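Chemist: an experimental structure, sequence included, is below.
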Amino acid sequence: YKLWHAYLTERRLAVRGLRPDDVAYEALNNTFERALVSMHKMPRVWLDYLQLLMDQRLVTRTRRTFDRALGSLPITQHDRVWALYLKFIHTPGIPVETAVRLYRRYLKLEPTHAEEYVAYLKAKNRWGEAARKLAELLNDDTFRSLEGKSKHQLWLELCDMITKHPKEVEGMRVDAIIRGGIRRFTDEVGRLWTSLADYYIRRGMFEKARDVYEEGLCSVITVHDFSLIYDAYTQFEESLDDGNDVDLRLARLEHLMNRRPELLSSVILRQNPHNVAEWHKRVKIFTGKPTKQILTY
Amino acid sequence: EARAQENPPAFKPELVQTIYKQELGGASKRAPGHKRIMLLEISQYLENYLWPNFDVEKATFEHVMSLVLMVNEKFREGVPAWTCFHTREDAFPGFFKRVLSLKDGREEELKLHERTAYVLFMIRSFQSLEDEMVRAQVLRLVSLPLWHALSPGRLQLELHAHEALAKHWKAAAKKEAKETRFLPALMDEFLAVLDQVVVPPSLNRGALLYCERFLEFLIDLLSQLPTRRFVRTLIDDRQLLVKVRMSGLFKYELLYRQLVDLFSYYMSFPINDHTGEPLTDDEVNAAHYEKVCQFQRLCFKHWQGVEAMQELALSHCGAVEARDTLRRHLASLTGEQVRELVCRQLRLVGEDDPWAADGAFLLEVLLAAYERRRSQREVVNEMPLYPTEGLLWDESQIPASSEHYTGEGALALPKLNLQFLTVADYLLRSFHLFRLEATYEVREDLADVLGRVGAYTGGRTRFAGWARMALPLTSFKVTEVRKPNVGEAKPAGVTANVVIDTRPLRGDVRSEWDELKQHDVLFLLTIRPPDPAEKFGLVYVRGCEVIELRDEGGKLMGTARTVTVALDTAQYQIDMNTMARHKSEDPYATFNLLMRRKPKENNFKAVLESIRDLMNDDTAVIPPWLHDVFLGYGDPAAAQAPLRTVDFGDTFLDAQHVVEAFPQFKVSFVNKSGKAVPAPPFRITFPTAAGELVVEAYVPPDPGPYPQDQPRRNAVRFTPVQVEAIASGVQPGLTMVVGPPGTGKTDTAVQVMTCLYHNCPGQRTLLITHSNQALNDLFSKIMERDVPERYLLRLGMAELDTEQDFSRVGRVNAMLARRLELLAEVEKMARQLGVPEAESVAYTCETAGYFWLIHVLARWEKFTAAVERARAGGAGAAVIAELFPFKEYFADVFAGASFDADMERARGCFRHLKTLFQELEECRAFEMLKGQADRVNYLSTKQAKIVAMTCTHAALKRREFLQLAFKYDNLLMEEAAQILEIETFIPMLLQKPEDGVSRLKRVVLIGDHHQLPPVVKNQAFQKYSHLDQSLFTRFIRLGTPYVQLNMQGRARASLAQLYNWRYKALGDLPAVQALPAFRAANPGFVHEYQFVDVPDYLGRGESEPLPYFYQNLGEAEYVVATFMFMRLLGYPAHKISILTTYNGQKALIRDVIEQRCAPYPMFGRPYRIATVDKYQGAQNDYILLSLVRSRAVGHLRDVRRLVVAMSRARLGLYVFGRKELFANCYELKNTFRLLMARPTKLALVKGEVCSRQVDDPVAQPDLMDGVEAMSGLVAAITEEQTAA
């Protein structure tokens, strides 16, 4: 093995400088295979042959050799192999598909490498898999981020990754997940409502965003959430048969501008359901419509 | 005996009238008595007197009543109920017409209960529409003109929504110019009858049973697509369910309520009226939003004088789409405003409907019509898997009287005979059937165990007794309450810690307590002794699944032992919400007993979970050419991309034989076999004149220089039926094999698997059975053909009884041992080739691949290119032996005769070395996956080319299989007539879809739809829901084309003809006709088969010492005397076996065998003393059947059990029972009539053998005329044998 070490080192020193398509490369690789005939349990020479085959760039030969080497060594030393073959996934010219499958093989043995995976997907504009794995790890509640990100941090990441890539997640349940997260996010309810509304907007389902903002105003608890959500709704009405439609735009904008004191009063009371003085002012908000004042009394 | 008289009596109606004036229900208000009906129908009252002489000029109420009650009792008993009317249908239509008015009789004209029986007969007709004569009766009531029963606006909107129907509608009118409202008048009469019940000193049970039967009839109507197609809108306009909700019969605090729940689940099912397809969720949303929008528009246009209505109209759909919003926008309306809205603007009720003048009813109709309701998938996903006390005792759903289910009541259980709406409906019905069938056995287990507990008072509970099936829990508290998944409104996981005491261990009970493993089902039961629910005060019973046993260190791996068990989180969440809203107790702390049960008999909950996952799977991943076949609807079109040319190989032993097998197929023998005459193997090509097959002979590529390396061969001279079955299995599609008794199913199936392994080396075979013995026989036949044991494996949860182990650990052992041998072989190969460092090439598995390329292949290429240059030279060809580079390896070669010969020998030895290296590379997995379980996963997922298992194991393993990336292309299954529906459909989805379409290409199902069906613990589920009918039998019932195995080769033909009449052209093989082992008669009896009469025995015949324990001491004594006389004749006792059609006969027979013969040195014991159904597939030389029953014919009248118990013999059968009892039943007569063709007295020869079956015996044949003479004979004979 040390004799084999000298042999392999001398071979790799001797073929250093020749072209990749020389006989010498295959000869040194065959000598390395003859060495692994004896030393299947050797992580050192295995990583040596693996880095040398990386310098060969033989995707399929290095692939078969990696698949054989990881299985030939006990688990406790494949780590020194992972940081090797992982770097190979970062090497260009091989399929992204093989990288994805090898990542699925890796993250099933040590899942704490999750964020690295996410980065590569962000590094490929494959948002339909990035957001998918992010929502996966967003419900695997035991997961502990490697970069120190909060569950809320990856949550905002997945919110943005759904909203900006509303076409890319086709096949997934964005609506239910964002809703149940609004049942898990207590600090950004208005933000989540507005984000899901914009995600429904960017898919041409304006009525779905309008119903979203409706259930948001009917679901908000604090004044910030209803303020931000109704501000989004007013901007959406302002932005979204030509003359009749422009006048309907003006009419709904007038609607919501007449409405903002109404709803802001509503959430002022959502904050303090027994604040009688704000009830005084909100009763005065409804002068001219005495039915409203009787209802508010 | 009356119809066989020379002058048969002329048919007379006076006798019928006399019968009606009595024992017949007609004249009465009460329904006809069942015992009398049993006496009458079993007397063939319909098939012989009623139906054969029935006429319109003679028909009345009494005749139709007798016929309807007889048809009902015939369906209740599971006998043919249509053949008599199909034999003579000239009068079958007219009665049917007079049937409808009989159902359309007004109240007090004809008996109510008689009209309930009429409704039941009409339900059976609507459910038996597969018959043509019944089809001509159901068509005119189930056709398009049924829309002529609708309101004018109803049909107008119907033609406006789908305009293209209107044209055909006019055609109907045109067709008229040169029945439709039967269901509608029935529904109006049903609403009236219901209204005639007092909601709140009691009403008649007739009305309740009528409503329940009508709900069952409507359920069967709307569970079947073709009849519901146009009855759906008819029942919708009929507003029947809306009344059924706010009826008086409904609020009566049960059967009608559950059947109305079934009707509500069915009438809103997501199935398309004309398209017949399942509607998506977006379609449902669009339909609900459309109708709601229309309603809003109507309110805007018709309700402008009512502010609230206008506000509701102005609001979006989703705001007013709920029930709260519906109740919040109406009660402001006057009755005229509600009528204007509902009848004119929305048209939900015709202005001419008698109920269109009632305010509250109209409001209720409006509320029912408009509400966002959750889908069926949501309803299923919100269901528990385990029941509580509300279902455990209720015989309305889960049965008490269900063991004694007479057929007389309706039951709220969905039943499917030929198909379903779609796939999801079948899945829900099968899962519900499995749950409700397991429910009765769970009730039995709990009742017995908590009876054994002897629970008594103390506000405590003290146990006078103990149960090995139930231990009292000492501590019980839930520790794990997970948050819901998004969308889900229930817990994601509920576990609880439960600690109980060993108490008196008794070196067994304590060990059993430890037998808990993960997923095993236990139950926490809370009971309150008042002194079975009344007995021990059992209140709550909730089940759980132990996840792991916790050791004394807090890790989920004295006498106090604790477990973490996961309970039903959905039922738990329901109970929690109900506690929070209704202040109810938390039963999660009130449990005080924990009970577990058997591992084999506790598979229900896991199968429910798998059926639920199948109910949640995104797509119908089944091949679309099989969804319609499994649906029972559409042309099967799944029979055999037909591969024209396929390799049959070792199928035919001779070229001539292949031609002989198929009568319609021409022989074009292309002889490339190197022999003068055609020889195996052979290739057969099928055309696409055209009845010709092109046969190309082939030579198997040499496997090397070793003669023992030659591949094995199949040897069975398969007949044309077996050849056609293997051919259908060889081409893609559905193959249905109906194989008779001993017709060679296992051989043809193993040949099919071998041809699959051979013609397509990239495809695998999935083998699914019902039993482990079937897999044993399949593997015993597989090893007998050239199929690599490295490519076959069998999974199971047992005894290894073959020579080889196809278990996963057997695969691990084969892989490891062959890996060690292979490395040594490689090392030997190197050393001999003079390669330096020969240890380094064989040291590493990967290296061996480099040695193959550099040292083996490159020596072979130099050899071939040297031998070609030498052959060109004209030098002696021995040159192959001179140049061959592997001479020292193959020392443990070339003939020099011809160029091609030595080239083939060299190529073969090279392919041998290539196979050695390929097996090394294939076993590299065991050097890459250390753990044996990882190696099992690697074998099933990558290497295995035939993966075998059973139905229960496949159900348990579907989840983990689809998880572990399992793949398989073609599947074969035996016992296809004994596998429950879900158990045979399950093995199709043990893997995910590829590109969105199924990878399944061949579905081979072999069985006998004439043999015994699957097992049901509860005899009520077969009576009511017909759940024992298998999927293969249902397919064949629809008209699935099947190859009929018609060559029996294991039993005597004179014995075979006793049951071969149930099959198509099932004959006898050459050996059964020619082998003297079949022409040998039985010693000690003149005849090789005889029916033995058994009269009363001291005033006793069939007796029942216990409840339901039917035995016959006399026939048992006679069978024991026969077996003892045979064992005195020297017959091998273990070659003779005793079976019985009731377990009581087997128990009494065991007692008598252990009392009278037991300690004898001359007398042996039978092979098996067991049951007819407990002898399925088994065989002996001599069979002795006990027909103990004498008063009731019993379930031995079934054709399936008759065939089974008639084909359990190979050489000799002795059947002992009341002959007149069995002769009186027509269904078994075809067999029984044969048994009457010989004497009914025991014919023995106490002095004898080499006699022939037909030839005259050369000794005096003695006759025993009764069991007493048999006993005297056996006593005296044994006495004379003992002094010798």
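Modeler: Received it, and whenever you're ready, just let me know what you need. Numbering: from 1, shown residues only, chains lettered A, B, ... in the order given.
Chemist: could you use CA atoms for every contact and neighbour count after this?
Modeler: Noted.
Chemist: ok, residue A:69 touching residue A:46?
Modeler: Yes. With contact defined as Cα atoms under 8 Å, residue A:69 counts as touching residue A:46 (6.5 Å).
Chemist: list residues touching both of the two?
Modeler: Counting by Cα atoms under 8 Å, 6 or more residues apart in numbering or on different chains, the residues touching both residue A:69 and residue A:46 are residue A:40.
Chemist: enumerate the residues of the stretch 1-150 of chain A near chain B.
Modeler: Residues of the stretch 1-150 of chain A lying near chain B by Cα under 8 Å from any Cα of the partner chain: A:30, A:33-40, A:68, A:70-72, A:139.
Chemist: of these, closest to residue B:870?
Modeler: Closest to residue B:870 out of these is residue A:30 (32.4 Å), distances taken as Cα to Cα.
Chemist: just give me the neighbour total for the closest one.
Modeler: The number of residues packed near residue A:30 is 17, by other Cα atoms under 10 Å in any protein chain shown.
Chemist: ok, now the one 4 residues further on?
Modeler: Neighbouring residues of residue A:34 were enumerated by other Cα under 10 Å; the total is 26.
Chemist: now it, nearest residue through space, not along the chain?
Modeler: residue B:840 (4.5 Å; Cα to Cα, 6 or more residues apart in numbering or on different chains).
Chemist: so which elements touch the strand or helix carrying that neighbour?
Modeler: According to DSSP states H and E, residue B:840 maps onto helix B:838-843. The elements that helix B:838-843 packs onto, with contact taken as 3 or more Cα pairs under 8 Å, 6 or more residues apart in numbering or on different chains; DSSP states H and E, are helix A:23-38, helix B:808-832, helix B:845-851.
Chemist: could you export these as TSV, including distance to residue B:619?
Modeler: Shown next, in TSV, are those (distance: least, Cα to Cα, whole Å):
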stretch	distance to residue B:619
helix A:23-38	47
helix B:808-832	32
helix B:845-851	42
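Chemist: if you count neighbours, what's buried in stretch A:56-64?
Modeler: Neighbour-count burial for stretch A:56-64 flags A:56-57, A:59, A:62-63 (criterion: 16 or more other Cα atoms under 10 Å in any protein chain shown).
Chemist: can you tell me what sits against stretch B:1251-1268?
Modeler: With contact meaning Cα under 8 Å, 6+ apart, stretch B:1251-1268 is reached by B:1079-1082, B:1085-1088, B:1094-1095, B:1114-1115, B:1117-1118, B:1241-1248, B:1270.
Chemist: can you check stretch B:549-565 too?
Modeler: Contacts with stretch B:549-565, where a contact means Cα under 8 Å, 6+ apart, come from B:495-503, B:516-517, B:544-548.
Chemist: can you pick out the most distant pair from those residues?
Modeler: Farthest apart among those by Cα to Cα are B:495 and B:503. That separation is 25.0 Å.
Chemist: and the two? Which one has more around it.
Modeler: Comparing residue B:495 with residue B:503 by other Cα under 10 Å, the one with more neighbours is residue B:495, at 22 against 13.
Chemist: longest single strand anywhere in chain B?
Modeler: Secondary structure of chain B read by DSSP state E shows that its longest strand is strand B:538-549.
Chemist: parallel or antiparallel, which strands does that strand pair with?
Modeler: Its sheet considered, strand B:538-549 pairs with strand B:520-527 (antiparallel), strand B:560-567 (antiparallel) by DSSP bridges.
Chemist: in the last one, what counts as buried?
Modeler: The one in question is strand B:560-567. Neighbour counts over strand B:560-567 (16+ other Cα under 10 Å) mark B:561-567 as buried.
Chemist: list just the nearest of the residues you listed to chain A.
Modeler: The closest of the buried residues of strand B:560-567 to chain A turns out to be residue B:566 (Cα to the nearest Cα; 18.7 Å).
Chemist: what bridges to the closest one?
Modeler: The bridge-partner assignment for residue B:566, based on DSSP bridges, gives residue B:495, residue B:545.
Chemist: can you pull the contacts of it?
Modeler: Contacts of residue B:566 were listed using Cα under 8 Å, 6+ apart, and they are B:493-496, B:544-547.
Chemist: tell me which element residue B:927 falls in.
Modeler: Residue B:927 is part of helix B:899-928, with elements assigned from DSSP H and E.
Chemist: got the angle between that helix and helix B:808-832?
Modeler: Helix B:899-928 and helix B:808-832 are oriented at 120 degrees to each other (axes from the mean of the first three to the mean of the last three Cα atoms, to 10 degrees).
Chemist: what comes up buried for helix B:899-928?
Modeler: Using 16+ other Cα under 10 Å as the test for burial, helix B:899-928 gives B:899, B:902-914, B:916-917, B:919-928.
Chemist: neighbours of residue B:462, how many?
Modeler: Neighbour tally, residue B:462, other Cα under 10 Å: 12.
Chemist: and residue A:237, by the same measure?
Modeler: Per other Cα under 10 Å, the neighbour tally for residue A:237 reads 19.
Chemist: helices or strands up against the helix or strand harbouring it?
Modeler: Using DSSP H and E, residue A:237 sits within helix A:223-239. Based on contacts counted as 3+ Cα pairs under 8 Å, 6+ apart, the elements that helix A:223-239 packs against are helix A:189-201, helix A:206-217, helix A:242-271.
Chemist: quick one, what contacts residue 151?
Modeler: The chain I'm using is chain A. Listed by Cα under 8 Å, 6+ apart, the contact partners of residue A:151 are residue A:138.
Chemist: can you look at chain B instead?
Modeler: Residue B:151 makes contact with B:237, B:349-350 under the criterion Cα under 8 Å, 6+ apart.
Chemist: pretty sure residue B:916 sits against residue B:823.
Modeler: No. Judged on Cα under 8 Å, residue B:916 makes no contact with residue B:823 at a distance of 9.5 Å.
Chemist: who wins on neighbours among the contacts of residue B:151?
Modeler: Highest neighbour count within the contacts of residue B:151: residue B:349, with 24 neighbours (other Cα under 10 Å).
Chemist: near chain A, which residues of chain B? Just list them.
Modeler: By Cα under 8 Å from any Cα, the residues of chain B that approach chain A are B:318, B:485-487, B:837, B:839-847, B:850, B:924-925, B:927-929.
Chemist: filter the residues you listed down to the buried ones, ChimeraX style.
Modeler: Buried residues among the residues of chain B next to chain A (16+ other Cα under 10 Å), as a ChimeraX selection:
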select /B:486,839,840,841,842,843,844,845,846,847,850,924,925,927,928,929
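Chemist: what's the distance between the spatially most central residue of chain B and residue B:1023?
Modeler: By Cα atoms, centre = their mean, the mean C-alpha position of chain B lies nearest to residue B:980, the distance being 1.7 Å. Applying Cα to Cα, to the nearest Å, the value for residue B:980 to residue B:1023 is 16 Å.
Chemist: for residue 141, the count of nearby residues, please.
Modeler: Unless you meant another one, I'm taking chain A. Counted with other Cα under 10 Å, the neighbours of residue A:141 add up to 9.
Chemist: that's the other chain; I wanted chain B
Modeler: Using other Cα under 10 Å, residue B:141 is surrounded by 20 other residues.
Chemist: contacts only, for the closest residue to it other than its chain neighbours.
Modeler: Counting by Cα to Cα, 6+ apart, residue B:141 lies nearest to residue B:180, which is 4.9 Å off, once chain neighbours are set aside. For residue B:180, the contacting residues are B:140-143, B:145-149, by Cα under 8 Å, 6+ apart.
Chemist: by neighbours, which of those residues wins?
Modeler: Highest neighbour count within the contacts of residue B:180: residue B:142, with 24 neighbours (other Cα under 10 Å).
Chemist: wait, that residue sits on residue B:225?
Modeler: No. With contact defined as Cα under 8 Å, residue B:142 does not count as touching residue B:225 (11.0 Å).
Chemist: since that was my last question, I'll sign off now.
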